[PDB]
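S.K.: Any chance you can model this:
(chains A and B)
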Amino acid sequence: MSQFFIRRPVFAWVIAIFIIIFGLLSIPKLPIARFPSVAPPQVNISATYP
Amino acid sequence: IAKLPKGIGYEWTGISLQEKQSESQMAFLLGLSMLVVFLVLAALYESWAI
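M.R.: Numbers count the residues shown, from 1 in each chain, chains lettered A, B, ... in the order given. This is the structure:
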């Protein structure tokens, strides 16, 4: 049942504004890169005997 | 320090750096609180101006 939000337009617009504000705050802080960390992590031991 | 010749830079550390960081963010964390109060009250009144 959603008659409450048709009865309350200000209430719906305020939740929409909350969502927009948090999204705009979050967007700059998000990292940006072409691909995610799909590749398995790798650890490399190195040794040298001249 | 602005009067010193070129090539000398001042870095704040310890308590002073924390003081600067606290002072910088005051306006953001007052304005955001005011906006949050505005939005919550508007939600609970169904009126933008109340």
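S.K.: tell me which residues in the longest helix along chain B are buried?
M.R.: Across chain B, the longest stretch assigned as helix under DSSP state H is helix B:26-45. Along helix B:26-45, these residues count as buried under the neighbour rule (16 or more other C-beta atoms under 10 Å in any protein chain shown): B:39, B:42-43. In short, each C-beta sits where N, CA and C put it, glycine included.
S.K.: got those residues as CSV, with distance to chain A columns?
M.R.: Supplementary listing: those in CSV, determined by distance: C-beta to the nearest C-beta, whole Å:
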residue, distance to chain A
B:39, 5
B:42, 6
B:43, 4
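S.K.: Looking at these, spot the one nearest residue A:8.
M.R.: The shortest separation between residue A:8 and any of the buried residues of helix B:26-45 is 8.2 Å, and it belongs to residue B:43 (by C-beta to C-beta).
S.K.: contacting residues for that closest one?
M.R.: In this structure, residue B:43 makes contact with A:10-11, A:14-15, judged by C-beta atoms under 8 Å, 6 or more residues apart in numbering or on different chains.
S.K.: 7 Å instead?
M.R.: Contact criterion C-beta atoms under 7 Å, 6 or more residues apart in numbering or on different chains gives A:10-11, A:14 as the residues in contact with residue B:43.
S.K.: Pick out the residue closest to the middle of chain B.
M.R.: Relative to the mean C-alpha position of chain B, the nearest C-alpha, by C-alpha atoms, centre = their mean, is the one of residue B:25, at 2.2 Å.
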